[PDB]
Amino acid sequence: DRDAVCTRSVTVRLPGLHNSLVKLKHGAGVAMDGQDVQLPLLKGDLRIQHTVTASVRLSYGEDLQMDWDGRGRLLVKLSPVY
Amino acid sequence: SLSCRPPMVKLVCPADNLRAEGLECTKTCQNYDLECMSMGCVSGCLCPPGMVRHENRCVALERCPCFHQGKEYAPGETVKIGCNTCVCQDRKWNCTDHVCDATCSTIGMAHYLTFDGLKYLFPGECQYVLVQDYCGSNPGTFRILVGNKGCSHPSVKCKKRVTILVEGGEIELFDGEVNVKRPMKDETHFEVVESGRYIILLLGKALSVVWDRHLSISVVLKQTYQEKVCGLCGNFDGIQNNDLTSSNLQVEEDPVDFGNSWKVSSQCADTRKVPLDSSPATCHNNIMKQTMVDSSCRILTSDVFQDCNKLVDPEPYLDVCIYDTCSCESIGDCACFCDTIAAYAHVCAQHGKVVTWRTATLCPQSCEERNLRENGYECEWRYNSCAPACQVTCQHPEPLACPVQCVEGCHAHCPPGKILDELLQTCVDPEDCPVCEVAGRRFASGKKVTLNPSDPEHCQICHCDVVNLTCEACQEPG
Ligand SMILES: *[C@@H]1O[C@H](CO)[C@@H](O)[C@H](O)[C@H]1NC(C)=O
Ligand SMILES: [Ca+2]
Ligand SMILES: [Ca+2]
């Protein structure tokens, strides 16, 4: 159908760290700057880990969360500082 | 290959810089302020840094237009949204800050559109506070109320009753006419303009009411209040998701528990939480009829409304159409359908889009009976699509504060040199008006008001009933 437009991927960009570029892929996969990565990924600020072992969760600082973009159910949590 | 055009120059990915933002991040006028992803450039030919692409033309200056409704606007051009003008100076629209005049409504039997804009469903059968000012920590000037009977299920039943309580008064209306049970003190602000299909009704500097003689209640307020009111229409603050603050000072999520907080009689019946569904009672398990109603409510999305659909979203006014005329058992009067579309056409008229949607096989609205009392058929009354509501008459010769630009209905039109009076149904020459001009100055046609209360020594009163050039003597206090 033409009335069926789902989300495939989402791209996150953190100018605070390297001006990097995270990418949540159509699976539960993540790819920083082209490089696939094993979870967890404790860098300084951002943590990426599974939740139920079937869904990724980004957490930059204490003012940002995310959720799985595998089959297209992205979420965000923005704290009142924004 | 193709040597690209003169106005732009080709790029090459350097092997060192990862930031090869070249062909992939082609900056057009949309995506300049927006930030772009890029892996590496391509073997394309991109405009210089000082200019951008614009519909197969690398427009040089940063003068490219400012889009709205998917339409071009050159820099300097203006747009009129609401009561504000707005001109995209550089590349962003630059609007004024004159807040406009809000408007409740009662679209159909059981729906309500707040000031800030929130349609919700509330079928009730008691009397309810539509809007008031005595809210928390305020004086409490006006207390417009509304009251319905047999109106939980829309039908040819559900006549509304409206009791408005301003300046210690009690003027109320039902069954077509308006009735004064208690006249109010400052009669100067009072006014009634029975023009067309409506009863326009002013009450002050910053209050007005409209009534289509059948169900609709469109109270209009000015900039004066700005979070001084509350009721079923909300608080008039701009915030659009706090219009469910009940009387007990908390936001609720279910509107059927909201309006139950605003009933006057605290011992009548509170309405029942209906199980939610896309099909009302008649359209429940009658999927045949459910399509004949859906199609007929697509007049709201038709060739004649295409101009307004770009300004006013019809999706709110369509949900009301399917809801009302399912529940309504329309037999002789197809008014539970013809009144939900007129409510959309009038909103389209306020934004300057007059519409003629009404034909002989759909909601006819004749106007021939007013041209009957005279044996000679002069034929001045006509159905006019949207005519001005605030004109000059023998009863209201001066121009009034006009909250409504134009209105539907039967309008009397005759050649100039004649002015309309309502008692004698036809239009008549100006001299036949009972007009008053005492001691020279221009004013109304002899309003029944006692001017000059302020100063005793300057108590020089001059009434005028219809024509008399008289002045009355003041009774001294001593
Ligand atoms: C908007 O217009 C005002 C008044 O002319 C001007 O001061 C201001 O710079 C303009 N702002 C933009 C974004 O164009
Ligand atoms: Ca509000
Ligand atoms: Ca105009």
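Residues numbered from 1 in each chain as written, not as in the entry; some residues may be left out. Chains lettered and ligands numbered in written order. Part of a larger assembly, values for the part shown. Heavy atoms only, no water. Residues with missing side-chain atoms left out of burial classes, pairs and counts.

This entry, as listed in the PDB, derives from cryo-EM and reports a resolution of 4.32 Å.

Labelled according to the PDB entry, chain B appears under the name von Willebrand factor, originating from Homo sapiens. The record lists the entry's title as "Cryo-EM structure of VWF D'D3 dimer complexed with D1D2 at 4.3 angstron resolution (7 units)".

Chain A goes by von Willebrand antigen 2 in the PDB entry, where it is assigned to Homo sapiens.

A.B. asks: Mind showing me how you'd approach the overall build of chain B here?
C.D. replies: Looking only at helices and strands, chain B features five helices and 19 strands. Taking 23 Å as the expected radius of gyration for a compact globule of 478 residues, we find that chain B reaches 29 Å, considerably beyond that expectation. Principal axes of the C-alpha set define a box for chain B whose edges measure 100 × 65 × 60 Å. Considering only contacts in chain B between residues 6 or more positions apart, those separated by 24 or more positions represent 49%. (Helix = DSSP H or I, 4+ residues; strand = E, 2+ residues; numbered from the N terminus. Rg over C-alpha atoms; globule rule 2.2 N^0.38 Å. Contact = heavy atoms within 4.5 Å.)

A.B. asks: I would appreciate a short explanation of the coordination of the calcium ion (ligand 2) in the present structure.
C.D. replies: Under perfect tetrahedral coordination by four donors, a metal shows angles of 109.5 degrees; under perfect octahedral coordination by six donors, it shows angles of 90 or 180 degrees. Residue and element names in this part refer to chain B. Around the calcium ion (ligand 2), the donor atoms from the protein are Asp116 (OD), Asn235 (OD1), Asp237 (OD), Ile239 (O), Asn242 (OD1) and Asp243 (OD), and they sit 2.3 to 2.4 Å away. What the six donor atoms of the calcium ion (ligand 2) show is an angle range of 68 to 153° at the metal, which sorts the shape as irregular. All donors of the calcium ion (ligand 2) come from a single chain, and their spacing in sequence reads D-x118-N-x1-D-x1-I-x2-N-D. Of this pair, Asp116 sits in the loop between β6 (112–113) and β7 (119–120) while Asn242 sits in the loop between β15 (220–221) and α1 (255–258), placing them 126 residues apart in sequence. (Donors = N, O, S within 2.8 Å, 3.2 Å for Na, K, Ca; no water. Tetrahedral: all angles 85-135°; square planar, octahedral: opposite > 155°, others 65-115°.)

A.B. asks: Explain the state of the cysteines here, please?
C.D. replies: A covalent bond bridging the sulfur atoms of two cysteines is what the word disulfide describes. Residue and element names in this part refer to chain B. For the structure on display, the rule yields 25 disulfides over all chains. Between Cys47 and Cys58 runs a disulfide, and the two sulfur atoms are separated by 2.0 Å. Of this pair, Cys47 sits in the loop between β2 (45–46) and β3 (78–81) while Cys58 is found in the loop between β2 and β3, placing the two residues eleven residues apart along the sequence. When its relative accessible area of 7% is taken as the criterion, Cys47 is described as buried. (Disulfide = S-S within 2.5 Å. Buried < 20%, exposed > 50% of the residue type's maximum accessible area, 1.4 Å probe, protein only.)

A.B. asks: Just checking my understanding: could you explain the sheet that holds strand β10 (residues 160–164) of chain B for this structure?
C.D. replies: Sheet strands associate in pairs through backbone hydrogen bonding, adopting either a parallel or an antiparallel arrangement. One open sheet accounts for five strands, arranged β8-β9-β10-β11-β12 (chain B); its pairing is antiparallel. Two strands in the sheet have a free side with no partner beyond their single neighbour: β8 (127–128) and β12 (177–182) of chain B. (Pairing = 2+ DSSP bridges.)

A.B. asks: For this particular structure, what's the right way to read helix α4 (residues 315–327) of chain B?
C.D. replies: At 3.6 residues per turn, the α-helix brings residues three or four places apart onto the same side. Residues and elements named next belong to chain B. The end-to-end C-alpha separation of α4 is 19 Å, in line with the 18 Å expected for 13 residues at 1.5 Å each. Counting buried positions along α4 yields ten of 13 residues, so the element is predominantly enclosed. Within α4 the residues assigned to the buried category are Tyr317, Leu318, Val320, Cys321, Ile322, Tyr323, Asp324, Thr325, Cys326 and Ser327. (Expected span 1.5 Å × (residues − 1).)

A.B. asks: Looking at this model, I keep getting lost on the pairing of β12 of chain B. Mind explaining?
C.D. replies: Residues in a regular strand project their side chains so that they alternate between the two faces of the sheet. Here strand β11 (residues 170–174) of chain B pairs with β12 of chain B via five bridges, running antiparallel. By the bridge assignment for β12 of chain B, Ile171 of chain B is matched with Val180 of chain B.

A.B. asks: I'm lost on the UniProt feature "disulfide bond" in chain B in this one. Help?
C.D. replies: Residues and elements named next belong to chain B. Between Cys297 and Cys321, where UniProt records a disulfide, the sulfur-sulfur distance comes to 2.0 Å, consistent with the annotated bond. Here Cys297, found in the loop between α2 (287–296) and α3 (306–309), pairs with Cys321, found in helix α4; they are 24 residues apart in sequence, far enough to count as distant. Assigned by exposure class, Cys297 and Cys321 land together as buried. Per UniProt, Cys308 and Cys348 form a disulfide, and the coordinates bear that out, putting the sulfurs 2.0 Å apart. Residue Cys308 is found in helix α3, and its partner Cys348 is found in helix α5 (residues 335–350); the two are separated by 40 residues along the sequence. On the accessibility criterion, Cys348 (1% relative accessible area) is buried. (UniProt positions renumbered as here; feature names shortened; annotations may be inferred.)

A.B. asks: Would you take a moment to explain the nonpolar core for this structure?
C.D. replies: Residues and elements named next belong to chain B. Membership of the largest hydrophobic core comes to 40 residues, with the highest contact counts inside it found for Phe115, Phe142, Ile144, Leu203, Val219, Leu221 and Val229. With residues near it in sequence (within four places) discarded, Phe142 still touches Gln132, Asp133, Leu165, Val166, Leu207, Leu221, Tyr225 and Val229. Within the second largest apolar cluster, 24 residues are counted, among which are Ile107, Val293, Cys297 and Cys338. (Core = buried A, V, L, I, M, F, W, Y, C linked by side-chain atoms within 4.5 Å.)

A.B. asks: Hey, could you run me through a nonpolar patch on the surface in this one?
C.D. replies: On the surface, a nonpolar cluster with roughly 460 Å² of combined accessible area is contributed by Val76, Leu78, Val81 and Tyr82 of chain A. Among the structural elements, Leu78 of chain A can be located in strand β8 (residues 77–78). (Patch = residues over 30% accessible without salt bridge, like charges linked within 9 Å, V, L, I, M, F, W, Y side chains within 5 Å. Areas by Shrake-Rupley, 256 points an atom, 1.4 Å probe, with all protein chains shown as cover. Salt bridge = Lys/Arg side-chain N within 4 Å of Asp/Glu carboxyl O.)

A.B. asks: Explanation requested: the sheet that holds strand β14 (residues 207–209) of chain B in the structure shown.
C.D. replies: All names here are of chain B. The antiparallel open sheet is built from four strands, whose spatial order is β5-β15-β14-β13. Pairing within the sheet leaves two strands with one partner each, and these edge strands are β5 (102–103) and β13 (201–204). Looking at chain direction, β14 and β15 are connected through two bridges and run antiparallel. Bridge pairing links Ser208 to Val220 in β15.

A.B. asks: In this structure, what is going on with the pairing of strand β4 (residues 84–87) of chain B? I would like to understand it.
C.D. replies: Bridge analysis of β3 of chain B against β4 of chain B gives four bridges, and the strand direction is antiparallel. Among the inter-strand pairings, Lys80 of chain B is bridged to a residue of β4 of chain B, identified as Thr85 of chain B.

A.B. asks: Got a minute to help me understand the pattern of salt bridges in this structure?
C.D. replies: It is possible for side chains bearing opposite charge to pair when their charged atoms get close. All names here are of chain B. If you walk through the whole model with that rule in mind, you get nine salt bridges over all chains. Between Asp212 and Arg197 there is a salt bridge, and its shortest N-O distance comes to 3.9 Å. You can see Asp212 sitting in the loop between β14 and β15 and its partner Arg197 sitting in the loop between β12 and β13, a full 15 residues away along the chain. We classify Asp212 as buried; its relative accessible area is 9%. Overall, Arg197 belongs to the buried group, its relative accessible area being 17%. Ionic pairing is found between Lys418 and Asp429, a salt bridge with its closest N-O pair at 3.9 Å. Of the two residues, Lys418 sits in the loop between β17 (406–412) and β18 (419–420) while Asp429 sits in the segment after β19 (427–428), which places them eleven residues apart along the sequence. The partly exposed category is assigned to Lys418, whose relative accessible area is 32%.

A.B. asks: When you look at the packing of aromatic side chains in this model, what are you seeing that I'm missing?
C.D. replies: Each pair of aromatic rings is reported with the distance of its centres and the angle of its planes. All names here are of chain B. Under the definition given, this model contains nine aromatic pairs over all chains. Both rings, one in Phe115 and one in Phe236, keep their centres 5.5 Å apart while their planes meet at 65°; by these two values the pair is edge-to-face. You can see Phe115 sitting in the loop between β6 and β7 and its partner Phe236 sitting in the loop between β15 and α1, a full 121 residues away along the chain. As far as burial versus exposure is concerned, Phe115 and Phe236 are alike and both buried. Across from the ring centre of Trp381, 5.3 Å away, lies the NZ or CZ of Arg370, which sits over that ring. (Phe/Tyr/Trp six-rings, centres within 6.5 Å; stacked < 30°, edge-to-face > 60°. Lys NZ or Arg CZ within 6 Å of the ring centre and 35° of its normal.)

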